[PDB]
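Line order of the protein sequences matches chains A and A'. A prime marks a further copy of an entry chain. The first sequence runs 30 to 332, 351 to 382, 390 to 410 under the authors' numbering. The second sequence runs 30 to 332, 351 to 382, 390 to 410 under the authors' numbering. No residue lacks a Cβ here, since even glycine has one placed at the ideal position from N, Cα and C. As structure tokens, the structure follows; a few thoughts come after it.
There are 2 protein chains.
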Amino acid sequence: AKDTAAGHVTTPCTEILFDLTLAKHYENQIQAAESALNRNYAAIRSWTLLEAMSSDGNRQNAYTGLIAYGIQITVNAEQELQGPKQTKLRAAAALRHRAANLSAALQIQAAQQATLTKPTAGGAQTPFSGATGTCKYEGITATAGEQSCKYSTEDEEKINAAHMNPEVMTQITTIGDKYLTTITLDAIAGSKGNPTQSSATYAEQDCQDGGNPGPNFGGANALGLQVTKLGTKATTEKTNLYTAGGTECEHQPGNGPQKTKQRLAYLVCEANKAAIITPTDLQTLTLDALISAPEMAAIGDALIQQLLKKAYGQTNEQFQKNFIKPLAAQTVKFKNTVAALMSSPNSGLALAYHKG
Amino acid sequence: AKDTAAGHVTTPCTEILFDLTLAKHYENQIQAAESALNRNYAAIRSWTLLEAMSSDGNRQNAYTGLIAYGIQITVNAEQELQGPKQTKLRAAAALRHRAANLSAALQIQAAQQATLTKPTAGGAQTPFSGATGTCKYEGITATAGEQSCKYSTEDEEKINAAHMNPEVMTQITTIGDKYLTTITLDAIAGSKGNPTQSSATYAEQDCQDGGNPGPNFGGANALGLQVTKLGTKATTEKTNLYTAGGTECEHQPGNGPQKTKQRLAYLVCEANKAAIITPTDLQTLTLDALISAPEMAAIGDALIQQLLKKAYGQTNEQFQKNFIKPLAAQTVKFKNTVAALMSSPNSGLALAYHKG
Ligand SMILES: *[C@@H]1O[C@H](CO)[C@@H](O[C@@H]2O[C@H](CO)[C@@H](O[C@@H]3O[C@H](CO[C@H]4O[C@H](CO)[C@@H](O)[C@H](O)[C@@H]4O)[C@@H](O)[C@H](O[C@H]4O[C@H](CO)[C@@H](O)[C@H](O)[C@@H]4O)[C@@H]3O)[C@H](O)[C@H]2NC(C)=O)[C@H](O)[C@H]1NC(C)=O
Ligand SMILES: *[C@@H]1O[C@H](CO)[C@@H](O[C@@H]2O[C@H](CO)[C@@H](O[C@@H]3O[C@H](CO[C@H]4O[C@H](CO)[C@@H](O)[C@H](O)[C@@H]4O)[C@@H](O)[C@H](O[C@H]4O[C@H](CO)[C@@H](O)[C@H](O)[C@@H]4O)[C@@H]3O)[C@H](O)[C@H]2NC(C)=O)[C@H](O)[C@H]1NC(C)=O
């Protein structure tokens with residue numbers, strides 16, 4: 030089942046929810062990858078301190094092996110994140126920009142009831158050079174109270190990051206441009222008798238004179254207008270992310286003018302295709318992941352799997368004991391635990407103290 | 030001279046420029062601080078490799094001293110950046126959100142000329158139960174072509190990050206809320222003769238019959254209306270950032286409903302007060318900055352200024368020679391330069407190779 034989330038966009042408010050939810054999904058992908066990097070850098074500082082506290086040459090080289098491995102994979106992953114990060118943030122920014130746009134248009138398109146001003150009566154005058162009576166209104170306004178989008182339980186279940194993996198997204202749905210550009214209104218004129226410039230009784234927000242002027246054109250001669258409603262109807266449109274063959278993004282820029290929906294579809298397509306690679310979590314590393322890691326062959330040689356097990360352990364249970372558990376369990380004292395210490399104000403000073 | 034930039038905001042387009050320029054200023058402050066951290070972390074990896082390549086105990090401890098110093102100040106600065114980062118990004122996001130809002134409202138407020146539809150003639154009908162003639166229009170619209178903000182040389186000189194240091198900012202200027210909420214229009218009705226439901230000649234986008242219907246109410250009986258212009262005038266408003274005493278932010282939330290301008294002023298105030306502390310640049314460190322650094326007293330003792356000069360040099364010229372120049376000049380070979395190598399895919403492997 031593809032396009033669960035986009036297929037739930039049927040209104041300005043649900044497009045706003047989709048756009049903000051997808052932007053947050055891209056932002057969270059980046060935050061998760063950067064958190065993984067930060068955890069890895071914290072583990073490298075932890076092993077650096079443990080290396081300095083070792084008195085055994087072979088245990089020292091073991092910590093060195095983990096430091097080298099962690100630096101390699103984490104520096105690489107940080108460099109490889111930058112492209113996908115920029116692509117995903119470009120889309121997140123555009124999606125947030127669009128959601129802001131739609132919400133501002135929603136507020137104006139809610140201004141659906143007019144307040145008339147007191148008119149001024151005339152005879153012929155532009156744009157009615159042939160009239161004998163005119164009734165001129167200046168500064169009619171329409172304003173709505175503060176609007177807000179209300180979402181149901183199902184809106185939040187369907188338009189949800191859980192349904193925004195790249196494998197299920199093939200299109201976006203957007204509100205038509207006229208909602209963002211066009212004022213629409215109905216209006217009606219009414220006449221009775223022989224309205225002229227002397228129809229200057231304005232108590233009913235129209236032009237009356239003669240007889241007994243009052244409600245419902247009470248007077249002999251009357252002219253007026255009313256703006257009976259305003260507001261442009263929202264419509265929805267679909268835009269595909271991919272070409273017909275499904276690999277390539279469909280709406281690449283630089284080929285001629287594009288509509289907002291096409292620019293957004295292109296950015297979303299590129300952000301979906303820009304997959305992030307997260308490196309191994311050093312702080313929860315297992316023995317098998319370490320000796321299976323392609324990078325440890327050249328590292329272990331420099332400092351093969353048989354050798355790695357002799358350095359790091361025959362079971363993961365003792366690998367955990369010797370190399371993982373100390374980060375949160377080994378207490379360091381001088382004048390905190392390892393990993394907290396090496397992410398603290400005294401991190402460098404703990405290292406200097408123990409290398410002497 | 031305070032408020033050069035805000036005092037140049039006199040139009041929706043210049044408020045948009047101010048809001049986007051200030052958001053970019055906050056974002057650039059964060060990017061600059063994070064670049065400084067990344068440079069420092071790169072220097073720490075560089076000295077780590079040089080430590081591994083040293084055969085001399087005292088030169089090894091010297092590199093260790095720089096590693097410990099760099100870890101201390103850079104980890105601390107990274108932790109201290111997080112609060113100010115969040116505060117500045119909260120303001121940048123809000124400013125961008127506002128600029129999006131204003132730009133969307135600008136497009137709609139540019140829709141200032143109406144297109145009439147063909148009316149339908151009637152007799153009495155709501156909301157003119159007392160009329161003898163009515164002329165009813167449905168779906169009158171107004172749309173503008175695509176609007177764009179054009180800025181002069183001086184607009185870009187005055188509304189500029191160069192004028193957005195916290196010491197010179199005391200207020201923000203914003204467009205009044207009615208620009209974002211209210212449709213405004215003028216309209217006029219015209220009548221001639223005795224218009225009724227038989228005034229059904231619509232060729233002039235009004236209701237005519239009798240005689241020779243045509244331009245300018247050519248016919249005997251005529252009724253019509255025109256919407257002669259639309260668009261709400263932008264006004265500007267000032268909001269102070271600080272209380273009267275000047276220390277505290279003026280528009281703290283949680284004290285009752287606030288207007289957009291007050292929420293923005295509060296965020297800007299907090300972002301201005303959230304100063305970033307950037308640590309020393311390790312890659313351009315001088316001897317005097319090192320031995321003067323408060324952190325090096327406990328570090329040098331562990332591994351006093353007299354001792355530091357004996358370890359790092361009597362002049363900065365030899366400190367540069369021994370500890371700074373090698374990062375970009377010392378070539379490392381095995382089967390690149392130091393600093394590039396230790397930020398490369400082979401960073402960890404270079405370290406492992408040389409510690410053996
Ligand atoms: C860019 O333009 C958009 C569109 O105009 C603006 O979006 C509006 O922003 C305002 C302020 O955030 C929104 O108003 C807020 O709505 C919240 C939810 O409203 C409903 O739901 C609550 C229950 O959750 C009901 O109680 C309520 O009756 C509604 O049914 C309210 O909870 C907020 O209230 C808080 O602030 C107000 C005003 O300060 C106080 O009076 C309240 O006591 C309380 O403190 C608030 O009303 C509005 O809904 C948004 N509109 C849309 C269409 O999204 C952006 O603000 C604007 N951005 C910038 C930066 O300019
Ligand atoms: C949220 O809502 C806002 C407000 O509506 C939208 O902002 C508009 O965005 C569009 C598209 O970016 C802007 O249109 C662009 O304007 C550029 C500058 O226009 C002028 O200056 C150039 C010279 O620099 C003159 O040649 C030109 O005549 C104008 O005087 C143009 O350079 C852009 O042209 C490019 O795209 C168009 C359309 O695809 C092509 O036809 C062109 O050939 C060229 O490829 C473009 O016209 C518009 O100005 C913005 N309006 C405002 C008020 O800021 C946001 O787009 C919207 N955001 C989202 C994400 O929904």
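- Its Cα nearest to that of A':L124, the residue A':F47 stands out among A':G410, A':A304, A':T146, A':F47.
- When 7 Å is used as the limit between beta carbons, A:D317 is near no residue of chain A', the shortest such separation being about 20 Å.
- Here the segment 138-146 of chain A makes no contact with the segment 56-69 of chain A; the two share fewer than three CB pairs at distances below 8 Å.
- Unbroken alpha helix (DSSP H) stretches of 4 residues or longer found wholly inside the segment 113-170 of chain A': none.
- In the three-state reduction of the DSSP assignment, A':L254 falls in the strand class.
- DSSP links A:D215 through a beta bridge to A:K258.
- By the 16-neighbour rule on beta-carbons within 10 angstroms, A:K382 is exposed.
- The bridge partners DSSP lists for A:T43 come to none.
- For A:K302, the uninterrupted alpha helix (DSSP H) segment begins and ends at 289-302.
- Contact with chain A is found for A':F157, since one of that chain's Cβ atoms lies less than 8 Å from the residue's Cβ.
- Approximately 51 Å separates the beta-carbon atoms of A':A34 and A:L252; this is outside 8 Å, ruling out the contact.
- Note on geometry: alpha-carbon atoms of A':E299 and A:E364 lie some 50 Å from one another.
- Here A':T50 really is in contact with A':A190; their C-beta atoms are around 6 Å apart, less than 8 Å.
- In the assembly as shown, A:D238 is a buried residue. Its beta-carbon has 16 or more other beta-carbons within 10 Å.
- Between A:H408 and A:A81, the C-beta spacing is below 8 Å.
- With 16 or more other CB atoms across the displayed protein chains lying within 10 angstroms of its CB, A:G162 is buried.
- The alpha-carbon separation between A:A160 and A':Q234 amounts to approximately 14 Å.
- Among the residues facing chain A', A:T307 is not included, as its CB has no counterpart in that chain under 8 Å away.
- In this structure, the CA atom of A':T230 is about 14 Å from the CA atom of A':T146.
- At a threshold of 7 Å, A':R127 counts as near ligand 1, since its beta carbon sits closer than that to one of the ligand's heavy atoms.
- If you ignore the 5 residues before and after A':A128, its C-beta comes within less than 6 Å of the C-beta of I45, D48, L49, all in its own chain and listed in chain order.
- Counting only residues of its own chain and dropping the five nearest sequence neighbours on each side, A':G329 has a CB closer than 6 Å to the CB of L354, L355.
- Residue environment: A':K165 is assigned as buried (16 or more neighbouring CB atoms within 10 Å of its CB, all protein chains considered).
- Under the three-state reduction of DSSP output, A:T313 falls in the helix class.
- Boundaries of the beta strand (DSSP E) around A:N269: 265-269.
- Here the alpha carbon of A:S228 sits roughly 36 Å from the alpha carbon of A':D206.
- Taking a Cβ-Cβ cut-off of 7 Å, A':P373 has no neighbours in chain A, whose nearest Cβ is about 19 Å from it.
- Taken from the Cβ of A:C298, every heavy atom of ligand 2 lies 7 Å or farther away.
- Chain-ordered, the chain A residues with CB closer than 8 Å to the CB of A':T210 read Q136, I137, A140, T172, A173.
- A:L259 and A:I212 have their C-alpha atoms some 7 Å from each other.
- For ligand 1, no non-hydrogen atom lies closer than 7 Å to the CB of A':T202.
- The beta-bridge partner set that DSSP reports for A':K221 consists of A':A251.
- Identification of chain A residues near A':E56 by a Cβ-Cβ cut-off of 7 Å yields none; the smallest Cβ-Cβ distance measures about 11 Å.
- Spatial neighbours of A:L118 in its own chain (CB-CB distance under 8 Å, excluding positions within 5 residues in sequence) are listed in chain order as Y55, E56, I59.
- Annotation for A:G329: no beta strand (DSSP E) segment contains it, though the alpha helix (DSSP H) segment containing it runs 324-331.
- Within the segment 63-87 of chain A, the residues whose Cβ lies closer than 7 Å to any Cβ of chain A' are, in chain order, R74.
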